[PDB]
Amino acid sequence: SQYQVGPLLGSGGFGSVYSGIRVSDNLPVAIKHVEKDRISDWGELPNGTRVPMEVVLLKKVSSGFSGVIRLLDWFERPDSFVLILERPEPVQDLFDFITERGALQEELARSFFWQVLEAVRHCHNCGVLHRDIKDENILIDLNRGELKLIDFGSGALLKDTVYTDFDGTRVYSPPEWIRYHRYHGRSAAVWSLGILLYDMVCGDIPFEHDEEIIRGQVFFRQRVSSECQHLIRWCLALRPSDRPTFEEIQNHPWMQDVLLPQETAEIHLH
């Protein structure tokens, strides 16, 4: 109809995501089908329409520019919703990027981690909590060296009280969720960011089983600088209140002198 459907990009119990092209102007898009009976949490537009929470969250952040994917349009069907999302081209998610390249140089990890921090800060400033930050949910604009957060289907409105639901990725979930099924938004996000940063500089996640998450002992399987190890272990503090704020992360000595996105593309991507 309005969009030329291309190949399937991924699928799950939630639904299916296709590559697409907007017919009117040949704009690259992603077409995300969301099964109604599998929606974790429902949202509501100001006009009262019940929609998947991802629609609400994306609209709250889909303003101006940021490192968050833009929701271009959305439709409702009898049994599903259809989301039209921005699609960079060429693109590769961070999972495939690390799989092909192995552990990233710290200069490159610094650039990527900084951009993720800026994107997560933007979400929180807009009252949005992603709840599934991980390499698979980060797209790399290979030409511009810019990263973009994707998939808010596990997200929620940001609040200052405790969350008791979680449908994100378990190996990125904090020990307080594993033990008590309870967490606060910001400190749980910082934990996932610690997992992500370890993943970038070591080429794999640090914990596989619940017992390792609860123990919280970080072993580095790759050569990693002392400053980077410190930031990782700080983000992965067992006590949530011991974890750094976003400001403390970006003011950490390891985060100084970040490359610009285009510089990052020139040195590491082209």
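Quick note: we count residues from 1 along the sequence shown, nothing fancier. The term rigid core refers to the most C-alpha atoms you can superpose between the two forms while keeping them within 1.5 Å.
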Higher Cα RMS in 4 other deposited structures of this protein relative to the shown form (core alignment), 229-237 or 37-45, goes to 37-45
Between 62-70 and 203-211, the one drifting more in C-alpha RMS in 4 other deposited structures of this protein once the core is aligned is 62-70
Comparing mean C-alpha B factor in the record for 48-56 and 225-233, the higher one is 48-56
Per the PDB entry, mean CA B-factor is higher for 112-120 or 154-162, namely for 154-162
The largest CA temperature factor among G64, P206, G203, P240 is found at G64
When the entry's CA B-factors for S187, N143, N137, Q92 are compared, the highest one belongs to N143
Tertile call for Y180 (CA temperature factor, within chain, third-based) is the highest
Of the three thirds of Cα B-factor ranks in this chain, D96 occupies the middle
Entry-reported C-alpha B-factor of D257 relative to its chain, by third, is middle
Chain thirds by Cα B factor, record data; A103 belongs to the middle
Of the three thirds of Cα B-factor ranks in this chain, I249 occupies the lowest
